[PDB]
Structures are given as C-alpha cells and as structure tokens.
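Below: one protein chain in two forms, given as structure tokens, structure 1 then structure 2.
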Structure 1
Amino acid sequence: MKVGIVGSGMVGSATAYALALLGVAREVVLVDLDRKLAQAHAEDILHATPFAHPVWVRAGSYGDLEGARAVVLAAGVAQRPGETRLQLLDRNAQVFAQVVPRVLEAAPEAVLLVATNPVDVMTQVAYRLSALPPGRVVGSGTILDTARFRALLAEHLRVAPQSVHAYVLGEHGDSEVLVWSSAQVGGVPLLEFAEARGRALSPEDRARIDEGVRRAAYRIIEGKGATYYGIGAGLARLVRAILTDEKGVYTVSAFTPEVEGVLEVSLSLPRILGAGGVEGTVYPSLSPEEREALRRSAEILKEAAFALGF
C-alpha cells in the first residue's frame, strides 16, 4: 500500500517518519513545492528504515501519488512577522485550491487527511473543492487535543493515557470543548476515579488541565517554534486506521450537516474510521454547559468558513 503526503515541512516529515517507524505502509511519497526539501526529508527517513521496517520512501510530484489509499495534506504558507489569522486562512485556501484537484487527479480514490491549519476550516475547503462523499475528507481536528487531555489527566492520575476515556470536541482551537461530563476510567466517572486513586481532581486542577490543553500549542511553539511530533503520530495513527479498515473511534473533523442547530460546518465529533474515511458520526453525552460550548464553537467555524466562501 501507498500513502502520499503533500507538504514536506515539519508536520509532513514527522508524519512520514512515524509511518516509517511503525511500518504502516510499504510506500510513502513526499511532495513539496521545494523539491529539494522533500528529497532531503525522504532520504533522511529512508535511512531509518533498516532499523525498523522495509518502506520505499521517496520524494515526487502529484503524479507520483497515483494509487495512494490516503493522502495527507500538510502544506501551508510560511508565517511572517505581522500576519493576522485571517490573512493566513486566505493564503492557505489558495494553496488548497491548487493542491486538492491536483491530488485527486492522480489519486481519485484516495481518502484525504487534512492537517493544515486552521484544520477545521481547511477541512471544509477541501470538502467543498473535492466533490467527494463527505466521509472521504477527514481533518485531524481535535484528535491531538484529545490526546493532550488524556496525557495531562494520565500524569495527574499516574495511569496510562489509553485507559483514560476523555474527549475534546468542536474546534481544534480556542473554543474547543473538553467533555468532562462523560469522561471515564474503568467505567467510573473521572472525578470519582480520581478520588479513589487518592489523586482527586480539584477545581484548581481542572482549570490548570484546561489551560494545559488549550494553551498546549502556544507553549510548545514558545519553546521550539512549532509543534510536529504530536500531530505527526496522530496523523500516522489515522492513516493506519484507514489502510487497515480498522473501524476505530476517534475525535476527528469532517463536514457535519447539523450540530446544535448550526448547519454545514466542519468540526470534531467521535467518528468511526475505516477504509472509506469517516463512516459514522456519534453525538456524545453532553452537559448543558458543554452543549452551549459546542454551539458557540460551531458558530465560530461556520462564520469563518462563510466569510471565505465555503
């Protein structure tokens, strides 16, 4: 099987690295405007393969994406001093108007996995331009925020992250919704589990954890300039779910007909991931405060998309 990655920057390359180390696919193709950049990352990653799994890693053109079961869109415009959030959005939408049709021309049957930020709006753009069934276009969404939420809770509880069933929904950003209400561990309410563990989650602890998730990216960027290991692994995990027709449940972004009264908007909800991309959407147990948060998050994304024309 083959996986394509358009945009060979830190995110696209870290993603290829994860796919290689975990042996998700026999072939990985990197495509970038800067051909020398993609070739360098590709050789660097190919050299890692003898230590792990045989994988044909190479740089290429859109045409080289032929036959790919999934293509990760991690292409973005370089940020500069004095660039509002909207200015970025417009520029990246221009990038996608070029990339999407070019990718689909070479790999018409590929599932598109959107990473470019703002991921929810870009997922909407990809969806509109692709003219494919809604589920064929998936955005990473809050899959990384959910991981962050689980990792911070795990550190507080001294339990493996994978045993912490907590979710983050809505916008991958400021208005995201941490679903404390139905969070559970071992089949019991999170707060109740924490107490039993002797590591109760006080209101102070919860506010601190909220900040940790919400300000996660900002803090990482402050220390190293950009984030990429976390998303790289999240993208690789989603790619594997797709290539293996896993039918696993993840909080990812996709075109949603209606959510809390907001129509035609892309945001994250728990969904079933398989060979055709998203093949099922679930609407979880939300408290009133959470439903309110979700509505607001959806309206924010709806207006951002609308202003752009999608």
Structure 2
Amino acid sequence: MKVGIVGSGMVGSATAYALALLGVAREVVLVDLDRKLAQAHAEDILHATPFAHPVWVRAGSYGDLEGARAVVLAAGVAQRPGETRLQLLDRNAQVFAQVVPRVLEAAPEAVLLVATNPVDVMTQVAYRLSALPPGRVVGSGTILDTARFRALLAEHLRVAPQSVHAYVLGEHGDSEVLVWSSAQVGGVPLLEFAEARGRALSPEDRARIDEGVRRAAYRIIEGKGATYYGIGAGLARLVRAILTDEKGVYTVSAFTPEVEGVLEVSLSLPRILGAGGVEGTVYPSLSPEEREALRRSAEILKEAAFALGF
C-alpha cells in the first residue's frame, strides 16, 4: 500500500520516519513545493530502512500519489514577520485551496489526514474543499492529548495504559476537555477504581495531570521551538488504522453535523476509524461541566471556521 505526505517539514518528515521505523506501509511519498527538501528527507529516511523495515520512501509530485489509500496534510507556510494568527490562518487556508484539489486529482479515493494547526479549523477547511463525504476527512485532533492523559493516569494508578479508558475531546488546544466523569479502568469508573486501589485522585492530583496534558505543547515549543516527534507517531498510528481497516476508536477531528446544539463544526470525539475514514461516533456520558465546556468550545470553533469562510 502507499501513503502520501504533503508538506515535508518537521511534522511531515517525522511522520514519514515513524511510518518507516514501524513498517506501516510499503511505499511513502513526500510532496513539497521545495523539491530538494522532500528529496533530502526521503533520502535521509531511506538510509534508516535497512535498520528497521523494507519501506520505499521517496519524494514526488502530486501525480505520484496515485493509488494512495491515505494522504497526510502537513502543509503550511512559515509565519512571516509582522503577521497575525488570522493573517497566517488565511495563508494556510489558501495553501489548502491548492493542495486539496491537487491531491484528489491524483488520488480521488484516498482518506485525507489533516495535521496542520489549528487542526480543527483546517480539518473543516479540507472538508469543504474536498467535496467528499464527511468521514473521508480526518484531523489528528486530540489523539496525543488523549494518549498522554491515559499515560499519566496509568502512572498514578499503577496500571497498564492499555487498561485506562479516558478521553480528551473537543478543540485541540487550551480549551480541550478532559473527560474525568466517564473515564474507566477495566470497565469500572475511574475515580471509583483509584480510591479503591488506595490511589485516590485528589483535586491536586487532577490539576497536576491536567497541566501535564494541556501544557505539553507549550513546554515543548519553549524548549525546542516546535513539536513533531509525538504527532509523527500518532499520525503513523492513524495511517495504520486506515490501511488495515482497523475500525478502532480514536479521538480525532471530523466534520460533525451537530454537537451539543452547535451545527456543522469540526472537533474531536471518539470515532471508529477504518479504510474509508471515520465511520461512526461513540459519544460518551458527560458531566454538566464537561458538556458545557464542550458546547462553548464547539460554538467558538463554528464561528472561527465561518469567519474564515468555511
């Protein structure tokens, strides 16, 4: 199978590296306006393959995406000096206006995986331009935050991360919602399980975990300038789910008809991911606070998108 990646920057290239090291697909094609950039990353990664799995990583044009089951959209422009977020947001939106058509022209049956930030708005942008069914356009959303939430809970509770069922939903960023109320461990309520195991989650413990999840991007950016290793692996996992028609549940962003009253907005919710993209939503129980937090965040996202023209 073949996987395409448009945008060969740190996110795009890290994703290609992870796909290679984990042997997710036989062929990986990197596409970027900067031809040499893509060729360099591809060749650098190709030197790693003898030490992992036989994967053919190369740079190419949109036409080379022919037959790709999934195409990652990690395209964007470097923020020029004297430019606001809304100014930059408009530019990346323009980039997508070009990229989306090109990609589909070569591979009209691929699932589109949006990674460019802000992921939720850009997922909506890609969806409107794709003219494809809602489920065919998926954004990475809160997949990393959900996984980190489970990891921190697992450490606190002294249990395997695989046994922790917990989600981070909504808008990827400072307004994301940590769903404490309906989280579970081995099927039993989280908080209940914690206390019972002599590892009660106190308000202080919850605050510490919240900052551990919510401010990860902040800390990483402050120390290295950008984040990419985590999302590269997360994206590689979503690609794997699509290529293997896994039908697994992931907190990813997708165009949603209605969310707590808010209409036509893209945000993260637990969704079944397979060969055709997302094919079902598993809405969990929410506390009044979580539901209200999700609603308000969705409301804002709807306006942010509408204001941008989508």
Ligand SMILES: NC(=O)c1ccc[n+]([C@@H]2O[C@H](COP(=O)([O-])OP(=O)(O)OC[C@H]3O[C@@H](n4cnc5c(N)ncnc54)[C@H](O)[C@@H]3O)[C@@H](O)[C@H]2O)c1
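Along the sequence of structure 1, residues get numbers from 1 upward. Note that the rigid core is defined as the largest set of C-alphas that superpose within 1.5 Å between two forms.
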*Since only one of the two is the form solved in complex with the named molecule, can you say which one?*
1
*Which of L191, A131, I221, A97 has its C-alpha displaced by 2 Å or more between the two structures after core superposition?*
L191
*Taking the rigid core as reference, does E109 move its C-alpha 2 Å or further between the two structures?*
no
*Once everything's superposed on the core, is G230 shifted 2 Å or more at the Cα between the two structures?*
no
*Cα of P161 displaced 2 Å or more between the two structures, core superposed?*
yes
*Report, to one decimal in Å, how far the Cα of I45 moves between the two structures once the rigid core is superposed.*
0.5
*Once the two forms are fitted on their core, CA shift of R80 between the two structures in Å*: 4.0
*So, with the core fitted, how far does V282 move at its Cα between the two structures, in angstrom?*
1.6
